[PDB]
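As a plain string of letters, each chain reads:
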Amino acid sequence: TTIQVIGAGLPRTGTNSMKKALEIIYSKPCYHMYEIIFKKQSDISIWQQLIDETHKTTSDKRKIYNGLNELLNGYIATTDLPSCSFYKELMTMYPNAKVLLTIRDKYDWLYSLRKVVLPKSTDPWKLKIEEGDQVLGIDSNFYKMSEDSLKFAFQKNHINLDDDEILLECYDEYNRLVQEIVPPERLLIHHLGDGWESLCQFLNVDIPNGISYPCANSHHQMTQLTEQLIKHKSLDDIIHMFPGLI
Ligand SMILES: Nc1ncnc2c1ncn2[C@@H]1O[C@H](COP(=O)(O)O)[C@@H](OP(=O)(O)O)[C@H]1O
Ligand SMILES: CC(C)NC[C@@H]1CCc2cc(CO)c([N+](=O)[O-])cc2N1
Ligand SMILES: [Ca+2]
Ligand SMILES: [Ca+2]
Ligand SMILES: [Ca+2]
């Protein structure tokens, strides 16, 4: 199995629902950050090595392709960070693969990112995220990898991640750049809420007859998951409160 769909959309743009939609369409796994967090934490250090290679002035792209092939063996599609930041390298590796860009209102995106992924350094909620992550075995190596992959997506060496203007500017620029670099015939821009119609047409499949388009991974659910992880101290003992999570 090889990559058929490359998801270029940023975190908090509907990537987990798209992951679930592609798994329905193809009956084969799709990569997502939640594969790392909940299934393959050993992938963190491999992604870090790939991201480190992007920091060099002249990255060895073939070293990156090699690592990507290893990470993505067995998967038919990618979404979310860290893979989205590698969409150009994936397009070269898989020239027949189609590219998705999931997108949403930038201000809704920023809030979602701040509540789930990248709280500001002085937000007390950041401590709750850290505590709940500790329950999952997630440590500082994960945060470094996630942040470095977002900076690679935004093509920045340093950025003050607490600066909302920079994040909004980079979101807009990233989404613009995808449309500048990917030929339109190979790109579907999927707006949050769009559903099956445009995706199935783009992928040359019928709409799945009696299956609703997924609506997964809301910030409310992620906040509740963090709170329950902290209180109950176990994923397995609370997972049933979050049906369809992983
Ligand atoms: N079918 C759908 N329709 C509307 N919003 C959806 C959706 N599927 C996911 N979302 C929203 O997409 C965001 C998650 O994206 P990702 O999976 O990339 O992290 C969440 O936004 P909120 O945080 O505003 O709730 C989620 O509610
Ligand atoms: C489970 C919860 C208590 N903490 C883990 C959360 C899960 C959601 C999440 C999603 C992304 C992008 O999908 C990233 N990310 O890009 O770093 C980090 C996190 N962190
Ligand atoms: Ca480089
Ligand atoms: Ca500016
Ligand atoms: Ca629709």
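Residues numbered from 1 in each chain as written, not as in the entry; some residues may be left out. Chains lettered and ligands numbered in written order. Heavy atoms only, no water.

This entry, as listed in the PDB, derives from X-ray crystallography and reports a resolution of 1.660 Å.

A. Up close: the UniProt feature "binding site: Ca(2+) 3" (unreviewed entry) in the protein chain. According to UniProt, the "binding site: Ca(2+) 3" (unreviewed entry) feature falls on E165 and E169. With respect to the helices and strands, the residue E165 is situated in helix α9 (residues 164–181). Overall, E165 belongs to the exposed group, its relative accessible area being 52%. Secondary-structure assignment places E169 in helix α9. On the accessibility criterion, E169 (44% relative accessible area) is partly exposed. (UniProt positions renumbered as here; feature names shortened; annotations may be inferred. Helix = DSSP H or I, 4+ residues; strand = E, 2+ residues; numbered from the N terminus. Buried < 20%, exposed > 50% of the residue type's maximum accessible area, 1.4 Å probe, protein only.)

B. Highlighting the site of ligand 1. As a matter of local geometry, ligand 1 sits amid 18 residues, with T15, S17, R104, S112 and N217 nearest to it. Take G14: an N or O atom from its main chain is 2.9 Å from an oxygen atom of ligand 1. The contact in question runs from an oxygen atom of ligand 1 to an N or O atom on the backbone of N16, over 2.9 Å. Per-element accounting of the shell around ligand 1 gives the leading share, 3 residues, to helix α1 (residues 15–26). Per-class residue counts for the shell around ligand 1 are 6 nonpolar, 10 polar and 2 charged. (Near = heavy atom within 4 Å. Polar contact = N/O pair within 3.5 Å; in protein donor to acceptor, adjacent residues only side chain to side chain. Nonpolar A, V, L, I, M, F, W, Y, C, P; charged D, E, K, R; others polar.)

C. Molecular detail of the packing of helix α7 (residues 125–135) against helix α11 (residues 219–232). One can describe the packing of α7 onto α11 by two numbers: an axis separation of 8 Å at closest approach and a directional angle of 60°. As the angle between them shows, α7 and α11 are arranged oblique. Helix-helix and strand crossings are classified by hand; for α7 and α11 the assignment is left-handed. Contacts from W125, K128, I129, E131, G132 and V135 of α7 reach α11 at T223, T226, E227, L229 and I230. (Axes fitted to C-alpha atoms, helices over the stretch in contact; angles between N-to-C directions. Parallel < 35°, antiparallel > 145°, perpendicular 65-115°, else oblique. Left-handed = near helix turned anticlockwise from the far one by under 90°. Contact = heavy atoms within 4.5 Å.)

D. Broad picture of unusual backbone geometry. Of note, the bond from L81 into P82 is cis; its omega dihedral lies within 30 degrees of zero at -5°. The backbone of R12 shows a phi angle near 70°, a positive value even though the residue is not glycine. Along the chain, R12 turns up in the loop between β1 (5–7) and α1. With relative accessibility at 10%, the residue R12 sits in the buried group. Here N204, not a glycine, exhibits a phi torsion of approximately 60°, which is positive. Along the chain, the position of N204 falls in the loop between α10 (196–203) and α11.

E. Spotlight on the coordination of the calcium ion (ligand 4). Only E165 (OE) and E169 (OE) from the protein coordinate the calcium ion (ligand 4), and they sit 2.2 Å from it. Highlighted residues: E165 and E169, both in helix α9, separated by 4 residues, approximately one helical turn. (Donors = N, O, S within 2.8 Å, 3.2 Å for Na, K, Ca; no water.)

F. Fine view of the coordination of the calcium ion (ligand 3). Coordination sphere of the calcium ion (ligand 3), protein contribution only: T54 (O), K56 (O) and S59 (OG), at 2.3 to 2.4 Å. For the calcium ion (ligand 3), the donor residues sit on a single chain with the sequence spacing T-x1-K-x2-S. The class of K56 is partly exposed, set by a relative accessible area of 46%.

G. Quick peek at the nonpolar core. In this structure, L10, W47, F86, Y87, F154, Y174 and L225 are the most contacted members of the largest nonpolar core, which totals 64 residues. Non-local contacts of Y174, meaning those with residues more than four positions away in its chain, are made with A8, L10, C84, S85, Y87, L101, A153 and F154. (Core = buried A, V, L, I, M, F, W, Y, C linked by side-chain atoms within 4.5 Å.)

H. The arrangement of the site of ligand 2 in detail. Around ligand 2, the structure places 15 residues, and the nearest of them are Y34, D80, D133, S146 and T226. Contacts to ligand 2 include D80, whose side-chain N or O atom sits 2.4 Å from an oxygen atom. Side-chain polar atom of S146 to an oxygen atom of ligand 2: 2.2 Å apart, as the coordinates give it. Coverage of ligand 2 by the protein chains reaches 96% of its 470 Å² of free accessible surface. Among the secondary structure elements, those contributing two or more residues to the shell around ligand 2 are α2 (33–38), α8 (140–153) and α11. Taken together, the residues of the shell around ligand 2 break down into 11 nonpolar, 2 polar and 2 charged. (Areas by Shrake-Rupley, 256 points an atom, 1.4 Å probe, with all protein chains shown as cover.)

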